[PDB]
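Next comes structure_9.txt, a file with compact mmCIF, C-alpha atoms and all ligand atoms.
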```txt
# COMPACT_ATOMS: atom_id res chain seq x y z
CA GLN Z 8 228.73 86.56 96.48
CA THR Z 9 225.35 86.41 94.85
CA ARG Z 10 224.22 87.22 98.36
CA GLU Z 11 226.27 90.45 98.31
CA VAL Z 12 224.44 91.61 95.20
CA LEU Z 13 221.06 90.34 96.29
CA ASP Z 14 220.71 91.12 100.03
CA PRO Z 15 220.84 94.93 99.98
CA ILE Z 16 218.41 95.27 97.07
CA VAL Z 17 215.88 93.06 98.85
CA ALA Z 18 216.49 94.92 102.12
CA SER Z 19 215.88 98.20 100.36
CA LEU Z 20 212.76 96.73 98.58
CA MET Z 21 211.36 95.34 101.84
CA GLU Z 22 211.82 98.68 103.60
CA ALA Z 23 210.54 100.90 100.83
CA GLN Z 24 207.43 98.75 100.37
CA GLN Z 25 207.02 97.51 103.98
CA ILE Z 26 207.04 93.85 103.05
CA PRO Z 27 206.99 91.55 106.05
CA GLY Z 28 208.67 88.62 104.38
CA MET Z 29 210.07 87.33 101.12
CA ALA Z 30 211.51 84.15 99.74
CA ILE Z 31 213.85 84.35 96.78
CA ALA Z 32 215.37 81.78 94.55
CA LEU Z 33 218.04 82.50 91.97
CA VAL Z 34 218.55 79.78 89.35
CA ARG Z 35 221.89 79.83 87.55
CA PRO Z 36 224.17 77.33 85.82
CA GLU Z 37 226.34 76.32 88.91
CA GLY Z 38 223.25 76.03 91.01
CA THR Z 39 220.32 77.50 92.85
CA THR Z 40 220.49 80.00 95.72
CA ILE Z 41 217.47 80.07 98.11
CA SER Z 42 217.27 83.15 100.32
CA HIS Z 43 214.67 83.97 103.00
CA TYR Z 44 213.86 87.30 104.57
CA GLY Z 45 211.68 88.79 107.24
CA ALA Z 46 208.54 87.47 108.85
CA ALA Z 47 206.07 85.02 107.41
CA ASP Z 48 203.47 86.71 109.67
CA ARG Z 49 203.96 90.27 110.84
CA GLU Z 50 201.90 89.78 113.99
CA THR Z 51 203.68 86.67 115.30
CA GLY Z 52 207.12 87.47 113.88
CA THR Z 53 207.64 83.84 112.84
CA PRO Z 54 210.50 84.11 110.28
CA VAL Z 55 210.19 83.00 106.68
CA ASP Z 56 212.06 79.71 106.23
CA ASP Z 57 212.42 76.67 103.88
CA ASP Z 58 208.89 75.56 104.72
CA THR Z 59 207.03 78.90 104.43
CA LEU Z 60 204.11 78.70 101.95
CA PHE Z 61 203.17 81.74 99.86
CA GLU Z 62 200.07 82.46 97.79
CA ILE Z 63 201.32 83.12 94.27
CA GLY Z 64 197.82 83.95 92.84
CA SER Z 65 197.95 84.53 89.06
CA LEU Z 66 201.32 82.77 88.92
CA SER Z 67 199.27 79.56 89.26
CA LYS Z 68 198.30 80.07 85.61
CA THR Z 69 201.69 78.88 84.40
CA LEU Z 70 201.13 75.52 86.03
CA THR Z 71 197.70 75.30 84.40
CA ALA Z 72 199.32 76.07 81.05
CA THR Z 73 202.08 73.52 81.59
CA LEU Z 74 199.56 70.77 82.24
CA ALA Z 75 197.47 71.85 79.26
CA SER Z 76 200.56 71.75 77.04
CA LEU Z 77 201.34 68.24 78.42
CA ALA Z 78 197.92 67.00 77.33
CA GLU Z 79 198.73 68.39 73.90
CA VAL Z 80 202.08 66.58 73.74
CA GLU Z 81 200.40 63.29 74.78
CA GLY Z 82 198.03 63.72 71.81
CA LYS Z 83 194.98 64.01 74.08
CA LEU Z 84 194.39 67.76 73.53
CA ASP Z 85 194.60 69.79 70.31
CA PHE Z 86 195.28 73.44 71.08
CA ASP Z 87 193.65 74.60 67.81
CA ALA Z 88 190.40 72.66 68.20
CA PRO Z 89 187.25 74.32 69.52
CA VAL Z 90 186.79 74.06 73.30
CA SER Z 91 183.28 72.49 72.89
CA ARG Z 92 185.08 69.47 71.43
CA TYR Z 93 186.41 68.34 74.84
CA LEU Z 94 183.61 69.94 76.80
CA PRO Z 95 180.59 68.99 74.63
CA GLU Z 96 178.32 70.55 77.30
CA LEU Z 97 179.25 73.82 75.52
CA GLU Z 98 178.29 72.86 71.93
CA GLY Z 99 176.36 75.62 70.17
CA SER Z 100 178.00 78.37 72.25
CA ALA Z 101 180.82 80.72 71.47
CA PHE Z 102 183.32 78.04 72.45
CA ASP Z 103 182.71 76.27 69.09
CA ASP Z 104 184.86 79.06 67.72
CA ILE Z 105 187.37 79.46 70.58
CA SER Z 106 190.40 77.18 71.06
CA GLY Z 107 192.55 76.09 74.00
CA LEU Z 108 195.35 78.17 72.48
CA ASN Z 109 193.11 81.18 72.64
CA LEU Z 110 192.39 80.46 76.33
CA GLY Z 111 196.17 80.05 77.21
CA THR Z 112 197.07 83.34 75.48
CA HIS Z 113 194.00 85.29 76.71
CA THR Z 114 192.68 85.73 73.16
CA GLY Z 115 189.30 84.05 73.77
CA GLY Z 116 186.99 86.69 72.41
CA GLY Z 117 187.10 89.16 75.23
CA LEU Z 118 186.43 86.73 78.11
CA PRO Z 119 186.34 88.91 81.22
CA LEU Z 120 188.84 89.12 84.03
CA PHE Z 121 186.68 87.88 86.95
CA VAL Z 122 184.10 85.19 87.60
CA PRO Z 123 180.81 86.97 87.93
CA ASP Z 124 178.96 86.87 91.29
CA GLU Z 125 175.99 85.00 89.82
CA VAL Z 126 178.35 82.06 89.04
CA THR Z 127 178.65 80.02 92.27
CA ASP Z 128 179.54 76.54 91.04
CA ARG Z 129 180.45 74.43 87.98
CA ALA Z 130 176.83 74.12 86.74
CA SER Z 131 176.06 77.88 86.96
CA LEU Z 132 179.49 78.44 85.39
CA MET Z 133 178.96 76.16 82.37
CA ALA Z 134 175.58 77.81 82.01
CA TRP Z 135 177.29 81.23 82.04
CA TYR Z 136 179.77 80.03 79.37
CA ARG Z 137 176.87 78.80 77.14
CA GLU Z 138 175.12 82.20 77.17
CA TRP Z 139 178.13 84.49 76.88
CA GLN Z 140 178.66 86.57 73.85
CA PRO Z 141 182.12 87.64 72.65
CA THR Z 142 182.97 91.36 72.83
CA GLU Z 143 186.26 91.36 70.93
CA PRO Z 144 187.58 89.55 67.80
CA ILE Z 145 188.70 86.04 68.66
CA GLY Z 146 192.41 85.61 68.17
CA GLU Z 147 192.96 89.30 67.45
CA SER Z 148 192.49 90.83 70.94
CA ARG Z 149 194.00 90.00 74.35
CA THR Z 150 192.13 90.37 77.58
CA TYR Z 151 193.64 88.90 80.70
CA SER Z 152 191.08 86.43 82.05
CA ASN Z 153 190.60 84.09 84.93
CA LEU Z 154 187.43 82.74 83.24
CA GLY Z 155 189.63 81.79 80.24
CA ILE Z 156 192.64 80.11 81.85
CA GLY Z 157 190.22 78.38 84.16
CA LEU Z 158 188.30 77.07 81.19
CA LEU Z 159 191.60 75.84 79.79
CA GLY Z 160 192.07 73.82 83.00
CA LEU Z 161 188.55 72.30 82.80
CA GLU Z 162 189.19 71.42 79.19
CA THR Z 163 192.60 69.89 79.99
CA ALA Z 164 191.11 67.86 82.89
CA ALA Z 165 188.34 66.61 80.70
CA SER Z 166 190.71 65.59 77.89
CA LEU Z 167 192.89 63.64 80.32
CA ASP Z 168 189.76 62.09 81.82
CA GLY Z 169 190.58 63.15 85.42
CA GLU Z 170 190.06 65.94 87.99
CA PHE Z 171 192.25 69.04 87.89
CA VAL Z 172 194.32 69.02 91.06
CA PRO Z 173 195.19 65.31 91.34
CA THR Z 174 196.02 65.19 87.64
CA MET Z 175 198.22 68.30 88.07
CA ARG Z 176 199.79 66.61 91.06
CA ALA Z 177 200.80 63.39 89.38
CA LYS Z 178 201.76 64.78 85.96
CA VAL Z 179 203.55 68.10 86.63
CA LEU Z 180 204.19 68.69 90.36
CA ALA Z 181 205.41 65.33 91.55
CA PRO Z 182 207.67 64.70 88.48
CA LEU Z 183 209.25 68.14 89.01
CA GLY Z 184 209.66 67.39 92.72
CA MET Z 185 207.26 70.10 93.88
CA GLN Z 186 206.01 68.61 97.12
CA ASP Z 187 205.58 71.91 98.89
CA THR Z 188 202.99 73.10 96.30
CA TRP Z 189 199.38 73.13 97.51
CA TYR Z 190 196.00 74.00 96.14
CA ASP Z 191 194.33 73.26 99.47
CA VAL Z 192 196.69 73.67 102.40
CA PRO Z 193 196.48 70.65 104.73
CA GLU Z 194 195.89 71.12 108.46
CA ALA Z 195 199.42 70.03 109.38
CA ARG Z 196 201.10 72.76 107.29
CA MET Z 197 198.91 75.72 108.40
CA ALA Z 198 201.69 76.97 110.72
CA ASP Z 199 203.94 77.31 107.64
CA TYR Z 200 201.28 79.30 105.74
CA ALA Z 201 202.40 82.92 105.51
CA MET Z 202 199.85 85.57 106.48
CA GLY Z 203 199.33 88.12 103.67
CA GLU Z 204 199.07 91.90 103.87
CA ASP Z 205 197.09 94.27 101.60
CA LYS Z 206 198.08 97.83 100.58
CA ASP Z 207 196.39 99.33 103.68
CA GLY Z 208 198.46 97.01 105.89
CA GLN Z 209 195.63 94.59 106.84
CA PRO Z 210 195.99 90.83 107.35
CA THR Z 211 194.35 88.98 104.49
CA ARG Z 212 194.23 85.47 103.08
CA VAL Z 213 192.77 84.28 99.79
CA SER Z 214 189.24 82.88 99.86
CA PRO Z 215 188.01 79.83 97.90
CA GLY Z 216 186.14 80.63 94.68
CA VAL Z 217 185.06 79.00 91.40
CA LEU Z 218 188.07 78.13 89.28
CA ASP Z 219 190.48 79.17 92.10
CA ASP Z 220 192.59 76.11 91.44
CA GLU Z 221 192.92 76.66 87.71
CA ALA Z 222 193.48 80.50 87.93
CA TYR Z 223 195.10 81.68 91.22
CA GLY Z 224 194.96 78.95 93.83
CA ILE Z 225 198.47 77.65 94.48
CA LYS Z 226 200.33 78.20 97.72
CA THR Z 227 203.99 77.16 97.42
CA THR Z 228 207.61 77.87 98.21
CA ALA Z 229 210.25 79.76 96.28
CA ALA Z 230 212.30 76.57 95.87
CA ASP Z 231 209.39 74.68 94.37
CA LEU Z 232 208.89 77.36 91.76
CA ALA Z 233 212.68 77.35 91.17
CA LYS Z 234 212.15 73.72 90.13
CA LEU Z 235 209.70 74.82 87.43
CA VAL Z 236 211.94 77.60 86.28
CA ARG Z 237 214.94 75.23 86.36
CA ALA Z 238 213.06 72.90 83.94
CA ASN Z 239 212.15 75.85 81.71
CA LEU Z 240 215.86 76.77 81.56
CA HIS Z 241 216.82 73.13 80.84
CA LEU Z 242 218.79 72.72 84.09
CA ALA Z 243 216.51 69.95 85.44
CA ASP Z 244 216.51 66.13 85.08
CA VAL Z 245 213.06 65.72 83.63
CA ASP Z 246 210.95 63.32 81.53
CA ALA Z 247 211.26 64.03 77.86
CA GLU Z 248 207.52 64.68 77.21
CA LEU Z 249 207.19 66.96 80.25
CA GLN Z 250 210.27 68.82 79.05
CA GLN Z 251 208.74 69.32 75.60
CA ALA Z 252 205.51 70.31 77.30
CA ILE Z 253 207.36 72.90 79.35
CA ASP Z 254 209.27 74.15 76.26
CA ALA Z 255 206.03 74.47 74.32
CA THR Z 256 204.75 76.90 76.99
CA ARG Z 257 207.44 79.35 75.82
CA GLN Z 258 206.39 79.40 72.17
CA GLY Z 259 205.46 82.91 71.07
CA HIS Z 260 201.88 82.82 69.91
CA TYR Z 261 200.86 86.42 69.51
CA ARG Z 262 202.43 89.88 69.35
CA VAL Z 263 200.83 92.49 71.63
CA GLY Z 264 202.77 95.71 71.09
CA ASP Z 265 206.24 95.11 72.49
CA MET Z 266 205.15 91.98 74.34
CA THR Z 267 205.10 88.43 72.96
CA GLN Z 268 202.41 86.27 74.49
CA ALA Z 269 203.41 82.71 74.81
CA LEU Z 270 201.39 80.16 76.77
CA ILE Z 271 200.62 82.41 79.77
CA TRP Z 272 204.35 83.24 80.05
CA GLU Z 273 204.78 86.77 78.69
CA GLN Z 274 208.08 87.76 76.99
CA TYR Z 275 210.24 90.53 75.51
CA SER Z 276 213.23 90.52 73.16
CA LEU Z 277 216.56 91.81 74.57
CA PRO Z 278 217.53 94.50 75.09
CA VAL Z 279 214.39 95.64 76.89
CA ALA Z 280 213.91 98.78 79.01
CA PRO Z 281 212.33 98.53 82.46
CA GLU Z 282 209.61 100.97 81.25
CA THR Z 283 208.48 98.41 78.72
CA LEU Z 284 208.35 95.85 81.43
CA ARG Z 285 206.29 98.22 83.62
CA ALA Z 286 203.91 98.89 80.74
CA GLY Z 287 203.35 95.12 80.43
CA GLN Z 288 202.29 94.89 84.07
CA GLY Z 289 200.11 98.00 84.06
CA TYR Z 290 196.46 99.00 83.77
CA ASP Z 291 196.77 99.47 80.00
CA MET Z 292 197.90 95.92 79.45
CA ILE Z 293 196.02 94.04 82.24
CA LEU Z 294 192.73 95.93 82.51
CA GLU Z 295 192.15 96.80 78.82
CA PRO Z 296 191.76 94.72 75.64
CA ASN Z 297 194.92 94.99 73.52
CA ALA Z 298 195.31 94.18 69.82
CA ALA Z 299 197.01 90.85 69.28
CA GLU Z 300 198.42 89.46 66.10
CA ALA Z 301 198.94 85.73 65.72
CA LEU Z 302 202.61 84.87 65.02
CA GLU Z 303 202.46 83.05 61.65
CA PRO Z 304 205.86 81.59 61.57
CA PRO Z 305 204.92 80.44 65.07
CA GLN Z 306 208.00 81.02 67.16
CA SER Z 307 210.14 78.28 68.70
CA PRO Z 308 211.29 79.25 72.19
CA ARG Z 309 213.78 82.06 71.85
CA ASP Z 310 217.05 82.33 73.69
CA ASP Z 311 217.43 86.15 73.56
CA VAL Z 312 214.47 87.14 75.72
CA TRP Z 313 213.14 88.42 79.04
CA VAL Z 314 210.41 85.87 80.02
CA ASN Z 315 208.32 86.84 83.02
CA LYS Z 316 205.07 86.50 84.98
CA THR Z 317 203.52 88.40 87.83
CA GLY Z 318 201.30 86.87 90.49
CA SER Z 319 199.27 88.67 93.10
CA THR Z 320 196.52 88.06 95.62
CA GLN Z 321 195.10 90.73 97.93
CA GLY Z 322 197.93 90.05 100.38
CA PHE Z 323 200.77 88.56 98.28
CA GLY Z 324 203.05 89.63 95.47
CA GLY Z 325 205.16 87.37 93.30
CA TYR Z 326 207.27 87.65 90.20
CA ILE Z 327 209.31 85.18 88.07
CA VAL Z 328 211.83 86.22 85.46
CA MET Z 329 213.78 83.90 83.12
CA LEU Z 330 216.65 84.80 80.78
CA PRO Z 331 216.90 81.57 78.73
CA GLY Z 332 220.09 82.68 76.94
CA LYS Z 333 221.94 83.14 80.24
CA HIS Z 334 220.31 80.07 81.82
CA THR Z 335 219.27 82.40 84.63
CA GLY Z 336 216.03 82.85 86.56
CA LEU Z 337 214.56 84.68 89.56
CA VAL Z 338 211.66 83.82 91.83
CA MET Z 339 210.61 86.50 94.32
CA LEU Z 340 207.74 85.78 96.57
CA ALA Z 341 206.41 88.30 99.04
CA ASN Z 342 203.53 88.31 101.61
CA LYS Z 343 202.50 91.82 100.60
CA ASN Z 344 200.81 92.84 97.40
CA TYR Z 345 203.34 95.44 96.47
CA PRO Z 346 203.32 97.31 93.13
CA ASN Z 347 204.43 95.67 89.90
CA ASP Z 348 206.89 98.56 89.26
CA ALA Z 349 208.77 97.66 92.40
CA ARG Z 350 208.88 94.10 91.16
CA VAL Z 351 210.32 94.82 87.75
CA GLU Z 352 212.85 97.29 89.19
CA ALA Z 353 214.06 94.91 91.92
CA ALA Z 354 214.27 92.13 89.37
CA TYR Z 355 216.18 94.30 86.89
CA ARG Z 356 218.57 95.54 89.57
CA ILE Z 357 219.21 92.03 90.76
CA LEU Z 358 219.87 90.58 87.32
CA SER Z 359 221.85 93.58 86.12
CA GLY Z 360 223.96 93.49 89.31
CA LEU Z 361 224.69 89.86 88.56
CA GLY Z 362 225.59 90.76 84.94
CA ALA Z 363 222.83 88.68 83.34
CA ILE Z 364 221.64 91.92 81.59
CL CL Z 401 187.79 85.53 89.88
SR SR Z 402 188.04 74.43 93.65
```
Structure rendered as structure tokens:
Amino acid sequence: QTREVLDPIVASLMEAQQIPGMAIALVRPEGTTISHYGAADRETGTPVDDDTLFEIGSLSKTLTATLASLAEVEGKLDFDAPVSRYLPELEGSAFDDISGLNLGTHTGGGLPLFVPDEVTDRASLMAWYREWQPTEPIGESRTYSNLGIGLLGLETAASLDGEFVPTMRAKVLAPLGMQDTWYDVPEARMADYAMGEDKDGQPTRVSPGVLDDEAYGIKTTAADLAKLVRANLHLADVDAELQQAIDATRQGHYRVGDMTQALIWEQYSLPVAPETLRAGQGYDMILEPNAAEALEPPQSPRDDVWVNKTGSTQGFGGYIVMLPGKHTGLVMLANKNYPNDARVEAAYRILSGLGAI
């Protein structure tokens, strides 16, 4: 059925890219199909199953954004207000002029991609934030940043008067039914934890780091993410505030060439060519500052769009795609960091083969 469309494309993808294992969820109106492929660990040959946990890396940022947006709904966080307002430890710094909205759309004044080596903890981090000088016009330039989204998650935590991961647990994960979603994988589940594989074919597993939780830290299943995507597509039974919070994450906030930057979710109007999609996942978009223009009639979630998000670690490769107007979504997790082109193409082929595009 679905499986007849899906299975040969994933088989071809897994061969062409030498991916040990994948887990795939297709959300549609009529229900969700979970499919598992290959080995969770290439060495042992243990198959991927219902309980296999994958690093999603940068995909974690959508959870961070969801929780942020939920603090905003509850009236505890204002997205427009300066960050120093909820983190007063940063008064007098650049963050008097940078907002939570800026942080969730990567328009926080050129905040770099990585946490610098010198920053080894929260104190050295806040100190680094205090000193840092912007290198690009705030709100007019997009630079993909772990420092920024992470700061959004500190700010959100602060404003809800709690710590990040337990607050995320109670307010987003648990209500969505995402009990296989872990920031720190418990001892009992380690046998379910997929082993990753880099582009030279080496075993690799993410290491702890500052802001790992807020930026790239989740390990989870395809089904759990299907629950988030399900909510986004309004096919879930969810609390009304959480549902607004989730919907608010899909508001277009800035234009960046062909791409509309929402709250971490990136989107494109239909019809869209795969090349455009590839451009959005490429060096030019990810590793360079790109002019951004704030959307002034600020856009309600659209229903004629490709909404997507990539996630990688050194040994894992994930991608989510949502077509809100067809109530259709795709979660593909892999335990190999395989190129973003292969992701967009496999996605497109899948969704086109199903007739969603
Ligand atoms: Cl980093
Ligand atoms: Sr941490």
Could you give me, as a PyMOL selection string, every polymer residue with an atom at most 6 Å away from an atom of ligand SR 402 (chain Z), counting only C-alpha atoms and all ligand atoms?
chain Z and resi 217-220
May I have a table of the residues of chain Z lying at most 7 Å from ligand CL 401 (chain Z), giving each one's closest pair of atoms and their distance in Å to one decimal, counting all atoms listed in the file, ordered by chain and ascending residue number, as JSON lines?
```
{"residue": "Z:120", "atom": "CA", "partner": "Z:CL401", "partner_atom": "CL", "distance": 6.9}
{"residue": "Z:121", "atom": "CA", "partner": "Z:CL401", "partner_atom": "CL", "distance": 3.9}
{"residue": "Z:122", "atom": "CA", "partner": "Z:CL401", "partner_atom": "CL", "distance": 4.4}
{"residue": "Z:153", "atom": "CA", "partner": "Z:CL401", "partner_atom": "CL", "distance": 5.9}
```
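The space separating atom CA of residue 204 of chain Z from atom CA of residue 323 of chain Z comes to 6.7 Å.
Between atom CA of residue 232 of chain Z and atom CA of residue 14 of chain Z there is a distance of 19.9 Å.
Checking Z:112, Z:191, Z:243, Z:164 one by one against residue 258 of chain Z, counting all atoms listed in the file, you find the shortest gap at Z:112.
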Report as a list in words all protein, DNA and RNA residues lying within 8 Å of residue 226 of chain Z, evaluated on all atoms listed in the file, omitting residues in the same chain fewer than 5 positions from it.
residues 60, 61, 62, 63, 64, 188, 189, 190, 191 and 192 of chain Z
Please list as a PyMOL selection string every residue within 10 Å of residue 294 of chain Z, counting all atoms listed in the file and excluding residues in the same chain fewer than 2 positions away.
chain Z and resi 119-120+150-152+288-292+296-297
With C-alpha atoms retained, write the just-selected residues as a compact mmCIF listing (two decimals), keeping the file's coordinate frame.
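Final output, saved to part.txt:
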```txt
# COMPACT_ATOMS: atom_id res chain seq x y z
CA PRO Z 119 186.34 88.91 81.22
CA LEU Z 120 188.84 89.12 84.03
CA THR Z 150 192.13 90.37 77.58
CA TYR Z 151 193.64 88.90 80.70
CA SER Z 152 191.08 86.43 82.05
CA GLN Z 288 202.29 94.89 84.07
CA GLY Z 289 200.11 98.00 84.06
CA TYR Z 290 196.46 99.00 83.77
CA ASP Z 291 196.77 99.47 80.00
CA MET Z 292 197.90 95.92 79.45
CA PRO Z 296 191.76 94.72 75.64
CA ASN Z 297 194.92 94.99 73.52
```
Using all atoms listed in the file, the residue out of Z:93, Z:128, Z:19, Z:287 with shortest distance to residue 215 of chain Z is Z:128
